[PDB]
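Q: Before I ask anything, here is the structure I am working with.
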Amino acid sequence: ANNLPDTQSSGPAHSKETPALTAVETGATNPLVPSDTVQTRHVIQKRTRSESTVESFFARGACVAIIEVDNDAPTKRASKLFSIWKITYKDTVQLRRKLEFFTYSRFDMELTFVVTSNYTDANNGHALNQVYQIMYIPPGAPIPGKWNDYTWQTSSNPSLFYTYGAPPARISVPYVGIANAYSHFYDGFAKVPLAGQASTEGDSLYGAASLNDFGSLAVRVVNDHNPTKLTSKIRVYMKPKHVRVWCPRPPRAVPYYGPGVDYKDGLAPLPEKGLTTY
Amino acid sequence: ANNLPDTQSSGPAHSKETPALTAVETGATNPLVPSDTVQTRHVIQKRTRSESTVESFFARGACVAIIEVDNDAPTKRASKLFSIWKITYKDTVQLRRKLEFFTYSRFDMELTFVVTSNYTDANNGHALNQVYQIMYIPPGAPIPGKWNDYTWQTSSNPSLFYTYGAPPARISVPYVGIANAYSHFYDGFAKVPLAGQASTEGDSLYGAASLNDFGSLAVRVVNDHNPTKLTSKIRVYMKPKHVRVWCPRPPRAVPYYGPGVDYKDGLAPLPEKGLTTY
Amino acid sequence: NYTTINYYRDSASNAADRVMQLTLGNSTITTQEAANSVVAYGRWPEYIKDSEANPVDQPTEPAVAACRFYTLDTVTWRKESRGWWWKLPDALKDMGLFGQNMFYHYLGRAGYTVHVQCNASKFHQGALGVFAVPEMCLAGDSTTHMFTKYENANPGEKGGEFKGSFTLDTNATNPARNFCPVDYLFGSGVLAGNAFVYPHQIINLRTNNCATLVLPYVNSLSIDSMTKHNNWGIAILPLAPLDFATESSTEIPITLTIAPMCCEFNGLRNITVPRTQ
Amino acid sequence: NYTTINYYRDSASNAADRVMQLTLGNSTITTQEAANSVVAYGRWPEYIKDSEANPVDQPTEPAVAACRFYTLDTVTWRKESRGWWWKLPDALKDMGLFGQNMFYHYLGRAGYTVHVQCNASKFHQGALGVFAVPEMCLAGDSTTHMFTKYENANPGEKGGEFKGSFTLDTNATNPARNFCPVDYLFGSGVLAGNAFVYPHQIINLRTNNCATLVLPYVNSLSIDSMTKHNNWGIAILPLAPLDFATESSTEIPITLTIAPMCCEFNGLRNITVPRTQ
Amino acid sequence: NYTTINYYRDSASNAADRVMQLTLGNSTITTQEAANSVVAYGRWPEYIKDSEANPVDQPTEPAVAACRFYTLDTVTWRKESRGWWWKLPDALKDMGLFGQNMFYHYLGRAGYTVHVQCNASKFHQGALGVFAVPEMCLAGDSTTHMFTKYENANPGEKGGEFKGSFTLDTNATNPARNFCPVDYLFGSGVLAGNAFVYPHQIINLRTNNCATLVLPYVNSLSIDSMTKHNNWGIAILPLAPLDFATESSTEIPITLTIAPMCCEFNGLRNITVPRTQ
Amino acid sequence: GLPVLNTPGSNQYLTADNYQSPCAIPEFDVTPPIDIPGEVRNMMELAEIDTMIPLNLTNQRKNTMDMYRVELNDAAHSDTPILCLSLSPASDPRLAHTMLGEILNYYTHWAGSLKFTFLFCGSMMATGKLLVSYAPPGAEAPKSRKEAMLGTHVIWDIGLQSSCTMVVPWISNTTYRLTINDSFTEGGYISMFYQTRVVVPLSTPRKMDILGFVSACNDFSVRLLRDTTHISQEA
Amino acid sequence: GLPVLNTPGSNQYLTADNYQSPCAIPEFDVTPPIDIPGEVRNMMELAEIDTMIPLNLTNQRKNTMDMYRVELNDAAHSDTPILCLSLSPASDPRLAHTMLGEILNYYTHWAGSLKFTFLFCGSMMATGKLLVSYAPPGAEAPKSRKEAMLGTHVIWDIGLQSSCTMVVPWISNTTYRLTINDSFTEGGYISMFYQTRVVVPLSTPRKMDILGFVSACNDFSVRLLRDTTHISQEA
Amino acid sequence: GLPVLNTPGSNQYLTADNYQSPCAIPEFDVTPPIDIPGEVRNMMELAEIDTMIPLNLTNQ
Ligand SMILES: CCCCCCCCCCCCC/C=C/[C@H](O)[C@H](N)CO
Ligand SMILES: CCCCCCCCCCCCC/C=C/[C@H](O)[C@H](N)CO
């Protein structure tokens with residue numbers, strides 16, 4: 001984040017000290033500077049690594065979900081009057097890759113909700129401004145089965161009531177991990193199968209645990225239905241704040257295939273170029 | 001920027017000192033004042049050059065781009081669901097001329113986006129309030145091919161989500177030139193053609209370099225299409241801030257013809273007036 | 001200057017070299033052609049501190065009984081070898097009293113000293129990258145995500161091998177449910193050439209015969225279940241293929257010796273007997 | 001009074017005379033009818049300071065070997081002459097060890113002393129404006145923008161001539177791809193009468209025989225490629241046409257002598273051989 | 001209390017008695033029946049101060065040559081008179097060296113001493129309001145706005161007369177293009193009874209024979225063109241009609257004597273010869 | 001939270017406003033500036049540089065290099081003007097396209113003294129005396145030297161020094177003048193006359209040229225920045 | 001209440017903004033952090049780690065483990081290059097997918113010195129001398145050792161130390177370079193040549209491999225964070 | 001950023017309000033004032049000047 005070191009002038013050298021020659025077998029990166037191999041002038045460095053900080057790298061709102069809801073009528077079976085979305089950053093790739101640069105992370109989160117609505121037909125009248133309810137459902141809490149069941153009382157569940165046309169809604173969340181850091185990767189299982197029990201029992205998905213269980217968001221339109229159908233989409237933008245990260249990893253090189261590290265397609269990411277072609 | 005000097009009283013003069021007579025061959029402008037050639041009274045000057053400062057001269061939002069986007073349907077091939085605009089001040093003349101008063105400039109920038117939308121037909125229904133995504137694509141970053149491809153995750157690309165009807169969106173940018181100043185003019189090439197290689201290779205456009213490569217803006221409507229087409233235009237206004245300029249040049253006298261200094265038309269800018277006509 | 005004032009309670013709402021000897025317990029390792037030794041992330045293994053202890057019951061620290069070098073099965077390096085992987089503590093689950101404490105307790109924690117040994121003459125060629133990967137998740141071999149079963153994910157001291165190319169398991173009736181780690185993708189969809197971001201050492205046969213990696217206990221928790229979670233993964237890849245005097249068919253052994261360090265176990269119960277392959 | 005408070009981190013977000021002798025190396029110039037000498041922007045040429053050095057490798061400073069006066073080809077001033085232009089360092093690319101250092105290095109930097117010489121009797125008339133233009137971009141001769149090729153943009157010590165009127169190159173099969181600098185537009189779409197905003201000197205034949213301009217190194221970078229980029233452009237225009245005793249057909253030579261100053265080169269490699277016209 | 005803070009640079013953005021003798025040059029005026037003398041706005045005429053001088057060239061101050069009383073043509077006050085008006089400096093454009101300096105210079109400035117004289121017996125009746133009006137704009141006589149021509153707007157020392165009623169000039173072929181000042185509208189669409197907001201004096205024939213007004217130079221500029229702009233307007237209206245002993249047909253002269261004061265002229269050139277009526 | 005009231009002018013975009021905005025590239029490592037020669041802080045610095053006047057805008061001379069030259073000859077003395085200019089530095093065609101005029105065309109109001117510099121480009125053997133005159137406005141534009149000598153003026157002797165500067169002083173009723181052809185804020189008249197005449201010996205060109213330059217003085221200033229009429233765009 | 005005026009930019013959502021928001025889980029008891037090894041504060045810390053270069057992207061080698069190995073032999077001395085790279089750490093295919101390239105592809109501008117480390121993976125009995133050269137841009141890319149030795153370079157002796165580091169110094173006209181293939185900000189040319197040759201005794205492999213690694217120096221920096229082109233999503 | 005609440009009266013234009021607005025001509029060099037005679041600070045100063053009364057408003 002802070003200023004880089006200056007460059008010191010270097011003249012000709014004739015000595016038994018050989019910074020150029022090293023041994024990478026040790027696993028240590030040679031900390032050479034230009035003045036070690038070539039003659040250098042004095043440069044008072046003014047560049048800084050301020051935008052390379054882990055905070056800056058993640059200080060952007062990244063779309064992570066597009067939740068679709070409808071306001072048509074209870075009778076219509078093809079219209080989804082409410083939508084439940086499991087909270088995760090793995091429905092999108094860009095933030096997922098930036099995060100999976102690191103094994104562990106710990107950060108507060110900022111959720112911004114951009115709601116856009118539209119008509120689906122013209123010859124059924126018009127609609128009044130809609131209010132959307134976004135109810136956070138932590139794991140274990142009752143999940144709505146209908147758009148107007150008791151669960152939406154939100155006596156305890158945090159809930160956001162957004163008026164259409166208002167600026168995108170926004171909330172902040174502290175670090176809510178049950179562990180001391182978020183696990184981008186979990187090399188293990190939630191169950192250990194025990195000798196004796198049937199192959200059906202004890203079988204758990206690889207890499208899946210309750211560390212990444214954060215509940216879901218239930219989104220509905222609070223208004224009663226107008227004689228015409230209205231389709232709305234809530235876009236969720238996640239911004240990490242106060243980011244700490246641990247154990248850097250090589251970034252994803254091939255397309256993601258599911259919530260894990262599985263790959264199936266695009267296994268040839270590199271193009272063809274001659275060895276002696278510039 | 002500061003106050004002008006006062007005018008000192010001057011009486012009759014009879015001496016061998018001749019400020020009026022000079023020699024412009026030296027290339028130096030004679031720094032005469034009225035009291036040197038005529039008898040003057042004392043005037044306590046109160047005028048100032050505050051609005052002539054380089055900051056004031058450029059402290060206006062100047063339109064530099066009108067980006068057109070549509071929200072009709074994926075099937076429609078005549079509707080452009082997203083638009084990519086290379087970032088430059090040379091699509092408009094007024095700011096371009098004010099800037100090309102100087103060879104070099106260095107400034108922060110303020111981008112203001114004024115979004116106006118309209119219907120294109122009447123007998124297809126109506127639309128809900130639109131959200132626009134303006135994604136900054138620095139050089140080298142993947143460029144969207146479809147309005148809904150992975151690039152719009154913006155995990156790293158800065159992105160602005162503007163709700164229609166909100167005040168014009170606005171962002172600020174630091175000086176992001178890879179050189180120490182912005183080059184309004186580059187008297188050179190990006191490649192030097194080398195003896196031996198074919199005339200196809202090594203050929204580069206005159207005055208074009210990567211100094212002025214700043215990436216582009218990709219603008220889309222995030223909403224799904226309503227049964228009716230909606231056409232939107234984003235107007236980009238650029239305001240230099242903290243302006244420093246170097247090497248003043250005569251302003252453009254003839255119409256601009258392309259990104260360079262080329263001229264083709266309107267080469268007769270001056271009217272006809274008699275030599276002895278007042 | 002600018003002014004900042006917080007208008008909320010919760011802070012979340014606020015704005016953003018060659019000769020070496022290693023003795024552990026009753027085990028000793030001597031090396032003469034070593035390329036030094038790497039301490040992963042510069043952190044030496046340590047015991048849980050009272051300021052970070054989650055479990056309340058008294059831990060057990062077998063010390064020398066379990067903090068000692070165990071040698072795994074030797075693998076063979078050929079010209080056609082693509083690489084090998086092991087999971088820790090999984091590779092040591094059948095190793096003396098360490099495995100006993102591992103299976104008798106609900107929670108376990110340990111760092112490691114990994115010593116990879118590969119001796120060859122001065123007329124041999126080849127380089128091995130030895131990488132310690134925290135949370136070394138590997139890709140499966142089926143269209144079903146995260147479908148690898150426990151038995152295959154925990155091979156034991158034998159570990160697994162990397163593959164030259166990805167093969168899809170189409171057997172619907174009896175799916176293999178095994179890993180398919182591709183060597184150049186490092187088994188996790190990442191280019192192997194970038195794997196050097198992990199703690200590592202290169203065994204270049206012209207320079208060194210061995211590699212030593214001191215892995216601290218790395219996890220999002222102070223202590224976890226060793227039977228559920230593999231803290232570390234040891235991946236060995238041929239960076240430069242093995243070659244020798246043009247004779248061909250040459251193969252040299254690679255031996256792996258791992259010593260757990262600072263072992264702590266909590267939650268004593270009846271022993272865990274995991275289901276076998 | 002008013003109160004200002006910044007609510008953001010990045011500062012971008014904040015609100016807004018006659019007898020003279022010049023000796024360089026082994027070259028000397030004496031003048032008796034000089035109109036003084038102009039230092040462009042009042043800045044004398046200098047070497048890169050350690051506080052502004054981009055390249056890290058040691059520069060080479062040929063000093064007297066290259067910091068010396070080279071005389072270009074003489075041009076002829078007639079009544080019909082429209083003016084001439086040269087590009088620096090392009091005009092010196094074939095001048096002694098300066099050109100050698102220019103083509104052997106990737107980066108080069110130099111200021112200049114330009115001495116324009118035009119002697120005529122006391123019965124001659126005419127004035128020459130001599131202008132030093134940073135980034136002297138010239139307009140092309142085709143409907144294609146920025147289409148001038150490298151060979152024509154870098155004529156060398158001969159330079160180019162201004163034109164009375166703009167002519168469009170309609171040859172589609174074999175386009176000229178040459179400049180078309182119009183004298184009254186200064187070759188860049190700007191009125192020539194305003195060209196005096198640039199550093200300049202006027203040679204009025206009744207007053208002076210010569211002009212001297214000390215050009216500092218001017219660029220948006222501390223050091224650049226001399227083969228790619230021409231730092232300066234020397235433009236000579238007849239402000240007052242040449243005339244003499246009504247004899248007509250009179251023509252007097254104009255000689256140009258340029259000395260690079262404070263030459264610095266970085267990035268030594270094999271020599272660059274640019275493609276020729 | 002309330003708090004105010006300015007958030008902008010430019011301050012525009014911020015929130016909101018009887019016996020008297022007057023000697024000027026070689027001219028002297030004695031009065032015995034004076035109603036004192038009025039100094040318009042309480043400001044005595046003065047020369048331009050160095051803190052307010054717009055022109056830089058040395059002014060000329062003729063002093064006594066031009067700062068002296070000139071007597072205009074006498075008018076006759078009858079029972080039917082509606083009033084008279086003059087424009088200053090227009091009324092003095094043909095008065096000695098004052099008019100010469102006025103027409104030889106581009107810029108002129110002067111205050112005035114206006115002395116209106118109207119003597120009548122103790123058996124006469126009538127009152128005259130004498131008003132000094134800055135920027136005494138008068139209404140025209142045509143449907144075309146602002147159509148009065150220069151020749152009529154500058155009658156000279158004779159001035160003009162007010163009218164009882166407004167008459168419209170319908171002559172399209174040869175429009176008069178003259179003023180039509182209505183007495184009760186004060187010639188400018190304002191009730192004459194309010195004209196007393198201007199500096200003024202009343203000559204009541206039972207009290208005083210004369211009025212004296214000291215007009216400072218009043219203008220939005222420190223100095224202006226005297227040929228283009230009339231700084232002041234002198235308007236005389238019969239407030240009370242003239243009457244005498246029932247004889248009828250009585251008429252008494254009104255004489256006007258104006259002395260320019262503190263005359264300053266700038267911008268000497270050839271003389272201005274304005275077009276005549 | 002804190003009770004607030006939205007005043008009028010909320011949600012408006014004024015291109016002249018001065019407000020803080022979020023940075024789109026936070027923590028960017030800005031390239032430091034180097035000392036580049038020729039820095040400019042004020043546009044009046046450029047307006048203070050002499051620039052050649054296109055004085056001779058006749059049909060055959062306009063839009064060529066001849067429009068800058070004014071031809072003198074060795075004819076007999078005459079009182080007719082050599083050149084006549086109107087002091088409208090922004091709207092006068094001969095002045096509008098000078099650098100001073102170009103800068104003034106970005107502003108609405110201007111005020112200050114000007115300097116006209118005339119350079120004699122005849123032979124060394126030519127001699128003469130000229131009269132450069134400024135007449136403040138109001139009177140008839142001087143048609144002969146006899147009228148012109150009554151205004152501000154300088155008698156220029158052409159000798160070893162071939163250049164002469166005449167300062168047009170700031171003589172205005174208003175504190176500022178407009179940058180358009182305007183009667184109330186008209187500037188005046190510049191004119192040039194032969195004082196004696198131009199005399200040359202034999203074997204010398206009998207016709208010579210003078211070049212005109214204009215610039216502002218250190219008391220010059222402008223205000224009310226506007227859009228110029230010297231550049232336009234199509235479609 | 002308090003009179004307020006709504007400036008432009010009100011009610012907008014800028015993904016780069018930095019504003020306080022209400023907490024949706026007030027009074028949450030946050031789990032304290034533990035000291036986890038391997039904390040990273042700057043992405044340049046990762047960019048400073050050597051990562052193997054996929055130098056050999058031929059048809060049969062690309063997207064295998066062979067793309068990282070460059071094969072040397074004991075043939076007679078030749079001046080043809082062993083390998084040729086273009087100094088475009090983000091856009092060059094052989095460099096784009098290194099960790100340095102991966103980090104640079106999230107940023108628009110970069111500046112600083114690089115280090116290329118070459119590891120010799122032949123037998124102990126092999127000896128040789130190589131020449132690793134960097135040519136700043138502008139001239140023809142060096143096609144032979146004779147051209148290459150005129151630029152920056154290091155002569156690497158293969159002995160008891162099998163690794164050599166060549167630092168490419170920061171030699172740029174601009175203070176920053178772009179992360180795309182760009183002519184005005186082109187980086188230069190890395191090349192490798194045989195200095196003498198590779199010599200082996202009998203009963204030794206006559207063909208060996210070198211591995212290439214790249215990393216940044218401590219003077220390296222990036223800016224103008226952007227979205228990378230190395231990851232994309234469908235539908 | 002800072003949490004704010006929009007009170008009633010937001011987005012209204014009251015012709016009697018007193019608010020700061022952006023300047024459309026920044027850095028303008030304002031012409032200084034000169035001492036012009038006859039300055040008025042209060043309308044009651046004008047109301048304090050005697051003015052003739054149209055007392056006789058008969059038809060003729
Ligand atoms: C007010 C009701 C609706 C909005 C409240 C929803 C709150 C949900 C916040 C807690 C769950 C998400 C926490 C962080 C997500 C992932 O773990 C991180 N991306 C891990 O890297
Ligand atoms: C938040 C996403 C969309 C808005 C962000 C776009 C940022 C682009 C800013 C950097 C590129 C433009 C920088 C300045 C432009 C030209 O170089 C100047 N006019 C040069 O004089």
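The way I read the labels, and the way they are meant: chains A, B, ... in the order of the structure tokens, residue 1 as the first residue of every chain, and ligand 1 as the first ligand shown, with later ones counted on from there.
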Which residues sit within 8 Å of ligand 1, counting only C-alpha atoms and all ligand atoms, listed as a PyMOL selection string?
A: (chain A and resi 87-89+99+105-109+111+134-138+157-160+171-177+182-184+212-217+238+240) or (chain G and resi 24-25)
Q: Residues near range 73-80 of chain E, anyone? I mean within 7 Å using only C-alpha atoms, not counting same-chain ones fewer than 6 positions away, as a ChimeraX atom specification.
A: /E:157-158,241-243,250-256
Q: Select, as a ChimeraX atom specification, those residues of chain F with any atom no more than 12 Å from chain E (distances computed using only C-alpha atoms).
A: /F:16-20,111-114,133-153,167-177,183-191,219
Q: For chain A, which residues have at least one atom within 8 Å of chain C, if we go by only C-alpha atoms? Write them as a PyMOL selection string, please.
A: chain A and resi 24-27+55+59+103-104+108-109+171-175+179-183+185-196+203-208+241-242+247-264
Q: Please produce an output containing C-alpha atoms for each residue in the selection, written as a PDB file, in the first residue's frame.
A:
```
ATOM      1  CA  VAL A  24      15.436 -22.112  -7.029  1.00  0.00           C
ATOM      2  CA  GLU A  25      15.436 -25.590  -5.475  1.00  0.00           C
ATOM      3  CA  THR A  26      15.285 -23.878  -2.079  1.00  0.00           C
ATOM      4  CA  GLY A  27      11.806 -22.607  -2.937  1.00  0.00           C
ATOM      5  CA  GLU A  55      -8.999  -3.917   0.257  1.00  0.00           C
ATOM      6  CA  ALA A  59     -13.625  -2.891  -3.073  1.00  0.00           C
ATOM      7  CA  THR A 103      -7.870 -20.092   0.623  1.00  0.00           C
ATOM      8  CA  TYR A 104      -9.250 -18.182   3.609  1.00  0.00           C
ATOM      9  CA  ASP A 108     -17.692  -7.675   6.406  1.00  0.00           C
ATOM     10  CA  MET A 109     -20.088  -7.574   3.485  1.00  0.00           C
ATOM     11  CA  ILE A 171     -27.394  -3.297   4.009  1.00  0.00           C
ATOM     12  CA  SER A 172     -24.135  -4.189   5.721  1.00  0.00           C
ATOM     13  CA  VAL A 173     -23.317  -7.478   7.425  1.00  0.00           C
ATOM     14  CA  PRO A 174     -20.455  -8.219   9.842  1.00  0.00           C
ATOM     15  CA  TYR A 175     -18.286 -11.279   9.477  1.00  0.00           C
ATOM     16  CA  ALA A 179     -15.267 -20.376  11.986  1.00  0.00           C
ATOM     17  CA  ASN A 180     -12.569 -17.744  12.447  1.00  0.00           C
ATOM     18  CA  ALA A 181     -12.399 -17.176   8.678  1.00  0.00           C
ATOM     19  CA  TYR A 182     -14.449 -17.953   5.594  1.00  0.00           C
ATOM     20  CA  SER A 183     -13.283 -21.153   3.888  1.00  0.00           C
ATOM     21  CA  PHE A 185     -12.011 -24.346   0.012  1.00  0.00           C
ATOM     22  CA  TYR A 186     -12.771 -27.247   2.363  1.00  0.00           C
ATOM     23  CA  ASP A 187     -10.753 -30.398   1.624  1.00  0.00           C
ATOM     24  CA  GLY A 188     -13.041 -32.770   3.451  1.00  0.00           C
ATOM     25  CA  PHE A 189     -16.526 -34.003   4.220  1.00  0.00           C
ATOM     26  CA  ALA A 190     -19.311 -33.167   6.632  1.00  0.00           C
ATOM     27  CA  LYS A 191     -19.747 -36.844   7.545  1.00  0.00           C
ATOM     28  CA  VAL A 192     -17.227 -39.624   8.056  1.00  0.00           C
ATOM     29  CA  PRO A 193     -18.797 -42.900   6.857  1.00  0.00           C
ATOM     30  CA  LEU A 194     -18.403 -45.561   9.516  1.00  0.00           C
ATOM     31  CA  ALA A 195     -17.643 -49.218   8.917  1.00  0.00           C
ATOM     32  CA  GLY A 196     -20.796 -51.310   9.064  1.00  0.00           C
ATOM     33  CA  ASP A 203     -22.286 -40.482   2.203  1.00  0.00           C
ATOM     34  CA  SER A 204     -21.525 -36.760   1.978  1.00  0.00           C
ATOM     35  CA  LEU A 205     -20.593 -34.466  -0.886  1.00  0.00           C
ATOM     36  CA  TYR A 206     -16.892 -33.704  -1.189  1.00  0.00           C
ATOM     37  CA  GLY A 207     -15.935 -30.221  -0.060  1.00  0.00           C
ATOM     38  CA  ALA A 208     -19.406 -29.386   1.271  1.00  0.00           C
ATOM     39  CA  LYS A 241     -15.158  -4.691   3.370  1.00  0.00           C
ATOM     40  CA  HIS A 242     -12.304  -4.835   5.879  1.00  0.00           C
ATOM     41  CA  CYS A 247      -2.975 -18.664   1.763  1.00  0.00           C
ATOM     42  CA  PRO A 248      -2.916 -17.396  -1.829  1.00  0.00           C
ATOM     43  CA  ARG A 249      -3.657 -19.912  -4.568  1.00  0.00           C
ATOM     44  CA  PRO A 250      -3.257 -19.875  -8.333  1.00  0.00           C
ATOM     45  CA  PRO A 251      -6.397 -18.416  -9.912  1.00  0.00           C
ATOM     46  CA  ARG A 252      -8.947 -20.523 -11.721  1.00  0.00           C
ATOM     47  CA  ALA A 253      -7.577 -21.218 -15.197  1.00  0.00           C
ATOM     48  CA  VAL A 254     -10.458 -23.248 -16.672  1.00  0.00           C
ATOM     49  CA  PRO A 255     -14.220 -22.663 -16.582  1.00  0.00           C
ATOM     50  CA  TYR A 256     -15.963 -23.367 -13.300  1.00  0.00           C
ATOM     51  CA  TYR A 257     -18.208 -26.442 -13.242  1.00  0.00           C
ATOM     52  CA  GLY A 258     -20.397 -26.432 -10.150  1.00  0.00           C
ATOM     53  CA  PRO A 259     -19.759 -25.245  -6.597  1.00  0.00           C
ATOM     54  CA  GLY A 260     -16.543 -27.238  -6.205  1.00  0.00           C
ATOM     55  CA  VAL A 261     -13.210 -27.367  -7.987  1.00  0.00           C
ATOM     56  CA  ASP A 262     -14.568 -29.697 -10.680  1.00  0.00           C
ATOM     57  CA  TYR A 263     -13.711 -29.032 -14.312  1.00  0.00           C
ATOM     58  CA  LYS A 264     -15.282 -30.568 -17.396  1.00  0.00           C
TER      59      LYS A 264
END
```
Q: Report as CSV the residues of chain F within 12 Å of chain A, each with its shortest atom pair and distance in Å (one decimal), using only C-alpha atoms, ordered by chain and increasing residue number.
A:
```
residue,atom,partner,partner_atom,distance
F:22,CA,A:60,CA,11.8
F:23,CA,A:60,CA,11.0
F:24,CA,A:60,CA,9.1
F:25,CA,A:51,CA,7.8
F:26,CA,A:51,CA,6.1
F:27,CA,A:51,CA,3.4
F:28,CA,A:51,CA,4.5
F:29,CA,A:48,CA,5.1
F:30,CA,A:47,CA,6.6
F:31,CA,A:47,CA,6.2
F:32,CA,A:46,CA,5.9
F:33,CA,A:46,CA,9.1
F:34,CA,A:46,CA,10.7
```
Q: Could the residues of chain G that have an atom at most 12 Å from ligand 2 be listed as a tab-separated table, each with its closest atom pair and the distance in Å to one decimal, counting only C-alpha atoms and all ligand atoms and ordered by chain and ascending residue number?
A:
```
residue	atom	partner	partner_atom_place_in_ligand_line	distance
G:12	CA	ligand 2	1 (C)	11.7
G:13	CA	ligand 2	1 (C)	10.0
G:14	CA	ligand 2	1 (C)	6.8
G:15	CA	ligand 2	1 (C)	7.0
G:16	CA	ligand 2	1 (C)	7.0
G:17	CA	ligand 2	1 (C)	9.6
G:108	CA	ligand 2	10 (C)	9.6
G:109	CA	ligand 2	10 (C)	10.8
G:223	CA	ligand 2	10 (C)	11.0
G:224	CA	ligand 2	10 (C)	8.0
G:225	CA	ligand 2	7 (C)	10.0
G:226	CA	ligand 2	2 (C)	9.3
G:227	CA	ligand 2	2 (C)	10.7
```
Q: Using C-alpha atoms, can you write the selected residues to a file as a short mmCIF file (atom, residue, chain, number, x, y, z; two decimals), in the first residue's frame?
A:
```
data_model
loop_
_atom_site.label_atom_id
_atom_site.label_comp_id
_atom_site.auth_asym_id
_atom_site.auth_seq_id
_atom_site.Cartn_x
_atom_site.Cartn_y
_atom_site.Cartn_z
CA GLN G 12 -27.25 6.74 -7.84
CA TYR G 13 -25.50 3.46 -7.13
CA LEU G 14 -21.78 3.49 -7.93
CA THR G 15 -20.22 0.08 -7.34
CA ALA G 16 -17.00 1.88 -6.34
CA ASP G 17 -18.62 4.14 -3.74
CA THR G 108 -4.97 -1.62 -16.63
CA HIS G 109 -1.58 -0.05 -15.88
CA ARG G 223 -3.29 0.50 -11.04
CA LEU G 224 -6.77 1.04 -12.52
CA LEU G 225 -8.37 -2.22 -11.43
CA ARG G 226 -10.46 -3.77 -14.19
CA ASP G 227 -12.25 -7.01 -15.07
#
```
Q: For a quick test of understanding: name the residues of chain H lying within 6 Å of chain E when counting only C-alpha atoms, and present them as a PyMOL selection string.
A: chain H and resi 18-23+37-38+51-52
Q: Do me a favour and pick out the residues of chain H within 7 Å of chain F, using only C-alpha atoms, as a list in words.
A: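 Close enough to count are residues 3, 4, 5, 6, 7, 8, 9, 10, 11, 12, 13, 22, 23, 24, 25, 28, 29 and 31 of chain H.
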Q: What gap, in Å, lies between CA of residue 113 in chain A and CA of residue 169 in chain B?
A: 17.0 Å
Q: Enter the distance from CA of residue 83 in chain D to CA of residue 235 in chain D, in Å, rounded to one decimal.
A: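 Computed distance, CA of residue 83 in chain D to CA of residue 235 in chain D, equals 7.3 Å.
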Q: Using DSSP on the backbone, list every residue of range 46-188 of chain E that comes out as helix (DSSP H, G or I), and give them as a PyMOL selection string.
A: chain E and resi 50-52+63-65+90-92+96-104+150-153
Q: Just how far from CA of residue 10 in chain B is CA of residue 97 in chain E, in Å to one decimal?
A: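 Straight-line distance from CA of residue 97 in chain E to CA of residue 10 in chain B works out to 25.3 Å.
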